[PDB]
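A short write-up of the structure that comes next.
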Amino acid sequence: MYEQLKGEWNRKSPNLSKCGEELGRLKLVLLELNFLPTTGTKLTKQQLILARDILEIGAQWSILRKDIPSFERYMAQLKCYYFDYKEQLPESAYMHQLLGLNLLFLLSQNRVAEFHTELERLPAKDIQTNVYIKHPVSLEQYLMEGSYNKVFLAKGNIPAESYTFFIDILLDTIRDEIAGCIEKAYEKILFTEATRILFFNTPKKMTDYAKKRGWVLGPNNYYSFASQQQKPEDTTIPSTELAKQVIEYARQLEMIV
Amino acid sequence: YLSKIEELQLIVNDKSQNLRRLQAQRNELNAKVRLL
Amino acid sequence: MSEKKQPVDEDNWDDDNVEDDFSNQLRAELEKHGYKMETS
Amino acid sequence: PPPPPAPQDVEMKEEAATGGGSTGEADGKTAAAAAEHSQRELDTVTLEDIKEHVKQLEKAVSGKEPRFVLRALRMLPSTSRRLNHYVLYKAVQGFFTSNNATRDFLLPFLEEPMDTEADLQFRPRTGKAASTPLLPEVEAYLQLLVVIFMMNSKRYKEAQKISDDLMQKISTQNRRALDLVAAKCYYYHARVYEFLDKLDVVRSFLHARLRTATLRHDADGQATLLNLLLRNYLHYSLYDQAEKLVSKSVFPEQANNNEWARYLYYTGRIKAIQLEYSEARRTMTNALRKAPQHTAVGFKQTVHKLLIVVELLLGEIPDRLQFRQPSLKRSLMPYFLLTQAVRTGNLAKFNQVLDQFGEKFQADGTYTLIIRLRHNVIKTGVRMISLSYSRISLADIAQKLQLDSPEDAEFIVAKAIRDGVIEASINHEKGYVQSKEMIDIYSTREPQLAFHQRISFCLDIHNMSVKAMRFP
Amino acid sequence: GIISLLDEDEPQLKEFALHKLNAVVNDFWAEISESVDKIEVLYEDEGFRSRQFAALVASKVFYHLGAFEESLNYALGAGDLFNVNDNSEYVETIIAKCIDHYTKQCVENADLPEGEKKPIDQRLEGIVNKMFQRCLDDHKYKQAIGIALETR
């Protein structure tokens, strides 16, 4: 039934808009089928097993075309594919690394609690197995342990079907967190600590840092500023604002007994 | 039935009569403390 | 008051609170703490 | 046959108050809540939860539920003669032969107080007639000929949702009896529904039941059904805590004074599992000091083991032994050595407590503790030693805690500045920290900053005691 | 995540999103609260010819979140299938607040001599003259003169 849904099955990219022909075909799948109100009778969900398959391959298209709204789109589709109440499905092929795509994208965009709802939705397959998840979670333990060099130790082997863009964004979250954490409260660094904490010895990008953050490139030398803190005294008057506080404070002690 | 909940729900606000029952009793109490 | 999820759920022991403020610290050892005198 | 007179007495003492007295407390009463027999009946429901309820065995089978559910009638003032019927039927258990007429014959017994006559108009008698028989049936979940009948009895309680939603047709505030009973019985709904499987369309039951209690009768229903919804989203996968993040409408009068306590506990577990130290530990602390009593044996204990997991994750906790029930000791055989592993800085013991007690750690099921507990060990080290010495070296602390290199000690000190505990900087040639402590920080105008909150909090509680002095 | 599936800028995938809405909106009450902005995008777009349904699920999600004056705005924006409903929670509480706005509006405009009023928005008066005929043809005119009280 309905043969030509499989028209982009095994060659993955001749174009962008022939995947748009497949998008029109999945548009007709949304016209005719609509996966979410479909309750049971699990032979009207076997073409939806096929839809799970080719929309995992569409998530591979979303990382192939770099489209992040399409990435979160098809990833929310996969999230809904584990969410509809007929959970008794055939075991998903790209299950191990769709969680990893989502998790490494999350790790790139610096989230704070969706990491832990990821640690709660499927916890039991994290420590025993699933290197696409077992390697990012202990990798996060190593990232907030204190090593941006475990990045490269790991990058020894993490393509993991096009996590390459996400580990490039991970290099970006190395470098802009260096832009923060290069002198948070340091004395001074030199060329060699730039060479250690930063990488790629001198592009116009650390020169762009020195000419982009309001920075003094000292004589083979670095400083955040001439005082690093913009001289805190905060006003030199802590009195009259708390005098206004005394006004409304005595006022609230008034009208009450 | 549109406005026909609201007056009876403002009658639900009539603990003002009981908190002011304590207040009017205290009015009587300390006013006749004074008069005593 | 059991109305929640829960219907499925100083002899040597308050000295153990200061002793677990002490358990990682110098059990008795008495020689070490008497022989730190004579190594100089 | 001499003990069943004690259920014979307490049964009549219950529905005397409930039926006659709270029906007279429903007729014209409830200025705020003059249905004091409602709280009396919830006290007796706690009394039937202490004791056996009425007729689980009681040396016989099935005496009271076929008996008293007949003939209420609410009529001409000789309905105390129907009460005399209720009283003088009690020669059957002592004298005559008892027979089985519960859990099977109850299906027309519930329709008897409707098919006698047009009894009365109010729903708390109907909630009585479908609660006071059927709550004595729920706590025997032996899953054989008893749990399908809890299931159908709470389908009659779903008909009580229907006759809570479409009875008195607007604004007669019998929800300050039926939501007070319905808190209990909807918890027992969730219990019996999830003794077998997760509940799926009962989620939408609960959603629309929260919806119907929005403004017209917003009294003890919203917070309790929200506890139901919260523990629903707690027991299963964790997707709709963003619903509380977008629809935070969680603030009633906080009426039952323990519902709010355990509510703050459950949402403390939420913020513990979202991500939090500070706000989560302070609402855990407020629920801890808002433990109502210890009049219920060892029920604070397991829930406290899971309560102070975040305080363990602080690293600034000693041994917790003042809480320890001696019957909890054989279950905290992992947990005692776990807080010992918090006090110790050993790494092989940090993973050997895991290698020794991973099954009880799964009984916790909250490996968010172990995903940051190593980081907690190194933060305990940095807090102690950075509070200890003014100008320490990173090598001293590093190869005192086995770091083996300067640059990961640099990343530790750097992420500790980023986490902001101490000033400590690096005398940058090859590391070798140059640093300081912080005394002479400030001590005079800074207390009186917080003293505004001190005494403004005090005057808030002044006015609250004023508005509480208003009550007699 | 049901709103990121809307990059197709026609209404013809907004309709599939609404076919997801009227299926699982009570489960996804958490989801639409962020999507308030794109529901606004749907209401502002006159080329979106289903803007009636945009204002429908707008007043639905605002009835969920507890917005009531914007529930009134998009309740008027909901259209002609709005007043006709006989449902017992949603439509009658929001037409309660709507004709409450009608009577307080007729009080304020009865406090406003000779015009300069706020005009009748184009989805008032529906159950006024339709439930008014229920009150009339139910042959007890006490509501039929109660509106005459309420309008001054």
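Identifiers in the structure tokens: chain A, B, ... in order shown; residue index from 1 per chain; ligand index from 1 in order shown.
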Subject >> Interface, chain A side, toward chain E (10 Å; only C-alpha atoms) as an MDAnalysis selection string >> reply: chainID A and resid 27 30:31 34:38 69:80
Give me a file of those residues, with C-alpha atoms, as an mmCIF file, in the first residue's frame.
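For reference, part-v1.cif as written:
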```cif
data_model
loop_
_atom_site.group_PDB
_atom_site.id
_atom_site.type_symbol
_atom_site.label_atom_id
_atom_site.label_comp_id
_atom_site.auth_asym_id
_atom_site.auth_seq_id
_atom_site.Cartn_x
_atom_site.Cartn_y
_atom_site.Cartn_z
ATOM 1 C CA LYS A 27 2.600 16.234 3.718
ATOM 2 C CA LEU A 30 -0.252 14.231 7.233
ATOM 3 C CA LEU A 31 -3.328 14.740 5.022
ATOM 4 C CA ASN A 34 -2.172 12.024 11.201
ATOM 5 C CA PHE A 35 -0.198 9.766 13.612
ATOM 6 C CA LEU A 36 -1.421 11.256 16.918
ATOM 7 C CA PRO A 37 -5.257 10.709 16.985
ATOM 8 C CA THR A 38 -4.713 7.183 15.551
ATOM 9 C CA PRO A 69 14.289 24.615 13.273
ATOM 10 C CA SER A 70 14.021 21.469 11.174
ATOM 11 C CA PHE A 71 16.312 19.694 13.669
ATOM 12 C CA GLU A 72 14.087 20.574 16.626
ATOM 13 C CA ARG A 73 11.069 19.927 14.377
ATOM 14 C CA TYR A 74 11.907 16.326 13.475
ATOM 15 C CA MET A 75 13.354 15.790 16.960
ATOM 16 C CA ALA A 76 10.047 16.845 18.507
ATOM 17 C CA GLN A 77 8.511 14.422 16.014
ATOM 18 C CA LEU A 78 10.724 11.634 17.430
ATOM 19 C CA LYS A 79 9.845 12.814 20.947
ATOM 20 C CA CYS A 80 6.188 12.428 19.989
#
```
Using only C-alpha atoms, find which residues of chain D lie within 7 Å of chain C and jot them down as a PDB file with N, CA and C atoms, in the first residue's frame.
```pdb
ATOM      1  N   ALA D 296       2.617   9.514  63.605  1.00  0.00           N
ATOM      2  CA  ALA D 296       2.477   8.456  62.614  1.00  0.00           C
ATOM      3  C   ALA D 296       3.834   7.790  62.466  1.00  0.00           C
ATOM      4  N   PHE D 299       7.002   7.434  59.246  1.00  0.00           N
ATOM      5  CA  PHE D 299       6.605   7.843  57.909  1.00  0.00           C
ATOM      6  C   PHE D 299       7.357   9.063  57.419  1.00  0.00           C
ATOM      7  N   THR D 302      11.636   7.332  55.550  1.00  0.00           N
ATOM      8  CA  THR D 302      12.025   7.061  54.163  1.00  0.00           C
ATOM      9  C   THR D 302      11.917   8.325  53.318  1.00  0.00           C
ATOM     10  N   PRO D 318      26.954  17.110  57.987  1.00  0.00           N
ATOM     11  CA  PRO D 318      27.543  16.058  58.819  1.00  0.00           C
ATOM     12  C   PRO D 318      26.746  14.772  58.717  1.00  0.00           C
ATOM     13  N   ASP D 319      27.039  13.811  59.583  1.00  0.00           N
ATOM     14  CA  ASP D 319      26.159  12.664  59.709  1.00  0.00           C
ATOM     15  C   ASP D 319      24.809  13.109  60.258  1.00  0.00           C
ATOM     16  N   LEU D 321      22.310  11.703  61.933  1.00  0.00           N
ATOM     17  CA  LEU D 321      21.791  10.585  62.708  1.00  0.00           C
ATOM     18  C   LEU D 321      20.616  10.937  63.609  1.00  0.00           C
ATOM     19  N   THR D 344      34.007  11.502  53.924  1.00  0.00           N
ATOM     20  CA  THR D 344      35.327  11.081  53.459  1.00  0.00           C
ATOM     21  C   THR D 344      35.597  11.591  52.050  1.00  0.00           C
TER      22      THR D 344
END
```
Sorted per-residue table, chain A near chain D, closest atoms and distance, 10 Å, only C-alpha atoms, as a tab-separated table:
```
residue	atom	partner	partner_atom	distance
A:85	CA	D:200	CA	8.5
A:112	CA	D:275	CA	6.7
A:113	CA	D:274	CA	4.9
A:114	CA	D:274	CA	7.6
A:115	CA	D:274	CA	8.6
A:116	CA	D:274	CA	6.1
A:117	CA	D:238	CA	6.0
A:118	CA	D:238	CA	8.7
A:119	CA	D:368	CA	7.6
A:120	CA	D:238	CA	6.7
A:121	CA	D:237	CA	5.2
A:122	CA	D:237	CA	8.3
A:123	CA	D:367	CA	8.4
A:124	CA	D:362	CA	9.4
A:137	CA	D:371	CA	8.4
A:138	CA	D:371	CA	8.2
A:140	CA	D:371	CA	9.1
A:141	CA	D:371	CA	6.8
A:142	CA	D:375	CA	9.7
A:144	CA	D:375	CA	7.9
A:145	CA	D:375	CA	6.5
A:146	CA	D:411	CA	5.0
A:147	CA	D:408	CA	6.5
A:148	CA	D:411	CA	8.7
A:149	CA	D:408	CA	9.5
A:180	CA	D:418	CA	9.3
A:181	CA	D:414	CA	7.4
A:182	CA	D:414	CA	8.8
A:183	CA	D:414	CA	8.9
A:184	CA	D:418	CA	7.1
A:185	CA	D:425	CA	6.4
A:186	CA	D:425	CA	5.4
A:187	CA	D:426	CA	6.5
A:188	CA	D:428	CA	6.7
A:189	CA	D:428	CA	6.6
A:190	CA	D:428	CA	8.6
A:193	CA	D:428	CA	9.1
A:196	CA	D:407	CA	8.9
A:197	CA	D:407	CA	9.1
A:238	CA	D:445	CA	7.8
A:239	CA	D:445	CA	8.9
A:242	CA	D:449	CA	8.0
A:245	CA	D:452	CA	8.2
A:246	CA	D:452	CA	8.8
A:249	CA	D:452	CA	7.7
A:252	CA	D:459	CA	8.2
A:253	CA	D:459	CA	7.3
A:256	CA	D:463	CA	7.3
A:257	CA	D:463	CA	8.1
```
Original post:
If you run DSSP on the backbone, which residues of chain C are alpha helix (DSSP H), as a list in words?
Top reply: residues 15, 16, 17, 18, 19, 32, 33, 34 and 35 of chain C
**OP:** Could you list the residues in chain D lying within 9 Å of chain E, using only C-alpha atoms, and format the result as a list in words?
**Re:** residues 203, 204, 207, 208, 211, 212, 239, 240, 241, 242, 243, 244, 245, 246, 247, 248 and 249 of chain D
Write to file, as a PDB file, in the first residue's frame, the residues of the selection just made, with N, CA and C atoms.
```
ATOM      1  N   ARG D 203      -5.710  10.720  33.766  1.00  0.00           N
ATOM      2  CA  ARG D 203      -5.026  12.003  33.651  1.00  0.00           C
ATOM      3  C   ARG D 203      -5.964  13.100  33.151  1.00  0.00           C
ATOM      4  N   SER D 204      -6.806  12.803  32.155  1.00  0.00           N
ATOM      5  CA  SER D 204      -7.724  13.827  31.656  1.00  0.00           C
ATOM      6  C   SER D 204      -8.931  14.014  32.568  1.00  0.00           C
ATOM      7  N   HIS D 207      -7.396  16.347  34.915  1.00  0.00           N
ATOM      8  CA  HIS D 207      -7.292  17.657  34.276  1.00  0.00           C
ATOM      9  C   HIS D 207      -8.620  18.399  34.309  1.00  0.00           C
ATOM     10  N   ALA D 208      -9.673  17.787  33.760  1.00  0.00           N
ATOM     11  CA  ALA D 208     -10.988  18.417  33.755  1.00  0.00           C
ATOM     12  C   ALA D 208     -11.568  18.566  35.157  1.00  0.00           C
ATOM     13  N   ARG D 211     -10.077  21.592  36.237  1.00  0.00           N
ATOM     14  CA  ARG D 211     -10.707  22.680  35.494  1.00  0.00           C
ATOM     15  C   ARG D 211     -12.024  23.105  36.129  1.00  0.00           C
ATOM     16  N   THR D 212     -12.861  22.134  36.511  1.00  0.00           N
ATOM     17  CA  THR D 212     -14.189  22.457  37.032  1.00  0.00           C
ATOM     18  C   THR D 212     -14.130  23.128  38.404  1.00  0.00           C
ATOM     19  N   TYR D 239       7.816  15.312  31.761  1.00  0.00           N
ATOM     20  CA  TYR D 239       7.632  16.164  30.594  1.00  0.00           C
ATOM     21  C   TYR D 239       6.866  17.444  30.895  1.00  0.00           C
ATOM     22  N   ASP D 240       5.957  17.419  31.871  1.00  0.00           N
ATOM     23  CA  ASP D 240       4.992  18.490  32.095  1.00  0.00           C
ATOM     24  C   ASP D 240       5.219  19.215  33.420  1.00  0.00           C
ATOM     25  N   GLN D 241       6.480  19.438  33.768  1.00  0.00           N
ATOM     26  CA  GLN D 241       6.833  20.352  34.844  1.00  0.00           C
ATOM     27  C   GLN D 241       6.974  21.766  34.319  1.00  0.00           C
ATOM     28  N   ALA D 242       7.172  21.889  33.006  1.00  0.00           N
ATOM     29  CA  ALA D 242       6.963  23.152  32.317  1.00  0.00           C
ATOM     30  C   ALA D 242       5.531  23.659  32.455  1.00  0.00           C
ATOM     31  N   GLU D 243       4.558  22.775  32.721  1.00  0.00           N
ATOM     32  CA  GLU D 243       3.195  23.223  32.999  1.00  0.00           C
ATOM     33  C   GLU D 243       3.133  24.011  34.299  1.00  0.00           C
ATOM     34  N   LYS D 244       3.872  23.579  35.319  1.00  0.00           N
ATOM     35  CA  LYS D 244       3.979  24.406  36.509  1.00  0.00           C
ATOM     36  C   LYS D 244       4.855  25.617  36.271  1.00  0.00           C
ATOM     37  N   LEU D 245       5.795  25.525  35.334  1.00  0.00           N
ATOM     38  CA  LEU D 245       6.611  26.687  35.011  1.00  0.00           C
ATOM     39  C   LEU D 245       5.851  27.760  34.232  1.00  0.00           C
ATOM     40  N   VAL D 246       4.745  27.409  33.576  1.00  0.00           N
ATOM     41  CA  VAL D 246       3.956  28.381  32.820  1.00  0.00           C
ATOM     42  C   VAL D 246       2.610  28.696  33.456  1.00  0.00           C
ATOM     43  N   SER D 247       2.113  27.864  34.367  1.00  0.00           N
ATOM     44  CA  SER D 247       0.763  27.984  34.902  1.00  0.00           C
ATOM     45  C   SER D 247       0.787  27.869  36.412  1.00  0.00           C
ATOM     46  N   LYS D 248       1.687  28.611  37.045  1.00  0.00           N
ATOM     47  CA  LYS D 248       1.921  28.508  38.481  1.00  0.00           C
ATOM     48  C   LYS D 248       0.767  29.208  39.195  1.00  0.00           C
ATOM     49  N   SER D 249      -0.272  28.435  39.514  1.00  0.00           N
ATOM     50  CA  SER D 249      -1.471  28.942  40.177  1.00  0.00           C
ATOM     51  C   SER D 249      -1.716  28.211  41.490  1.00  0.00           C
TER      52      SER D 249
END
```
Using only C-alpha atoms and a cut-off of 12 Å, which residues of chain B sit close to chain E? Please list them as a compact mmCIF listing (two decimals) with N, CA, C and O atoms, in the first residue's frame.
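That gives us result_33.txt:
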```txt
# COMPACT_ATOMS: atom_id res chain seq x y z
N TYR B 1 -28.15 33.00 34.89
CA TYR B 1 -27.20 32.40 35.82
C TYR B 1 -25.87 33.13 35.72
O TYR B 1 -24.88 32.75 36.36
N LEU B 2 -25.86 34.19 34.91
CA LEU B 2 -24.65 34.96 34.63
C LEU B 2 -24.21 35.78 35.83
O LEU B 2 -23.19 35.48 36.46
N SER B 3 -24.99 36.80 36.18
CA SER B 3 -24.69 37.55 37.39
C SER B 3 -25.19 36.85 38.63
O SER B 3 -24.83 37.27 39.72
N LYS B 4 -25.91 35.73 38.48
CA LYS B 4 -26.65 35.09 39.57
C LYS B 4 -25.78 34.17 40.41
O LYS B 4 -26.29 33.24 41.04
N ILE B 5 -24.47 34.40 40.41
CA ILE B 5 -23.55 33.77 41.34
C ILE B 5 -22.95 34.80 42.28
O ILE B 5 -22.58 34.45 43.42
N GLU B 6 -22.93 36.07 41.88
CA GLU B 6 -21.97 37.04 42.41
C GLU B 6 -22.41 37.63 43.74
O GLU B 6 -21.58 37.84 44.63
```
**OP:** Just need the residues of chain D within 9 Å of chain B, counting only C-alpha atoms, so spit them out as a ChimeraX atom specification.
**Re:** /D:30-32,170-171,216,467,469-472
**OP:** Just the residues within 10 Å of stretch 169-179 of chain A, please, counting only C-alpha atoms, with nothing from its chain fewer than 2 positions along; format it as a PyMOL selection string.
**Re:** chain A and resi 104-105+107-110+143+148+151-152+163-167+181-184+194+197-199+205-206+209-210+213
Original post:
If you count only C-alpha atoms, which residues fall within 12 Å of stretch 115-123 of chain D, apart from same-chain ones fewer than 2 positions away, as a ChimeraX atom specification?
Top reply: /D:18-20,22-28,69-76,79,108-113,125-131,159-169,172-179,181
